[PDB]
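Following: one structure in structure tokens, then a few remarks.
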Amino acid sequence: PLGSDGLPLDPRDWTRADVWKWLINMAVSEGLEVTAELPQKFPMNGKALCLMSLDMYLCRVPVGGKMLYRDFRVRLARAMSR
Amino acid sequence: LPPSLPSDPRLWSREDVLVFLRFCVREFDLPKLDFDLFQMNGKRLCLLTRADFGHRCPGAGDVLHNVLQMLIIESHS
């Protein structure tokens, strides 16, 4: 079950590939430079992202990291509504 | 994770430590891990600082560290 964007509706089903596509989409959405290094900061899947605190996002992306955290939480929240 | 592994990570053998890491690489879809950097028993694995893990697993060391720390908390809770 995928969303409009090609990404599975439940973030917990995200592979590393999905995580990277989500990061690229977030960069485009937020007007951040689309770079190969952004996804390299997140070599993991959705299960791993669930364990990440805001602090761990900011550590990787100080400029924009909170929007990533915020967006992932929203996706996870609605998903848990199962 | 594997039921063969003892609940308290601090009691893991070297091979238990490797099983845990291999399981983590799969479960979290991490890039190939350099196991030469993790030839140690549970006692020492559990003493690695977040920065230590970071050096041995760039990009996901902090996640692994937190998971391990959580397993310890859990062995008690």
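Just so we're on the same page: first chain in the structure tokens is A, next is B, and so on; residues restart at 1 for each chain, and ligands are numbered from 1 in the order they show up.
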Determine which residues of chain A sit within 6 Å of chain B, taking into account only C-alpha atoms, and present them as a list in words. residues 16, 41, 42, 43, 44, 45 and 48 of chain A
All residues 12 Å or closer to residue 25 (chain A), only C-alpha atoms, same chain fewer than 5 positions away omitted, as a ChimeraX atom specification: /A:5-7,18-20,30-35,38-39,68,71
Extract the full set of helix (DSSP H, G or I) residues from chain B according to DSSP on the backbone, and format it as a count of residues only. 48
B:6, B:65, B:18, B:51: which is nearest residue 52 (chain A), counting only C-alpha atoms? B:65
As a PyMOL selection string, please: the residues near residue 3 (chain B) (cut-off 12 Å, only C-alpha atoms, same-chain neighbours under 5 positions excluded). chain B and resi 8+16+19-20
CA of residue 34 (chain B) to CA of residue 13 (chain A): how many Å, to one decimal?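 Computed distance, CA of residue 34 (chain B) to CA of residue 13 (chain A), equals 26.0 Å.
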Residue with the minimum atom-to-atom distance to residue 72 (chain B), picked from B:40, B:45, B:33, B:57 with only C-alpha atoms counted, is B:45
Please, what distance in Å, to one decimal, runs between CA of residue 47 (chain B) and CA of residue 55 (chain A)? 21.6 Å
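Among the candidate residues A:70, A:1, A:62, A:8, the one lying nearest to residue 21 (chain A) is A:8, with distances computed using only C-alpha atoms.
Picture a line from CA of residue 56 (chain A) to CA of residue 72 (chain A); it runs 13.1 Å.
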List as a PyMOL selection string the protein and nucleic acid residues near residue 12 (chain B), meaning an atom at most 8 Å away when only C-alpha atoms are counted, but skip any in the same chain fewer than 5 places from it. chain B and resi 5-6+17+41-43
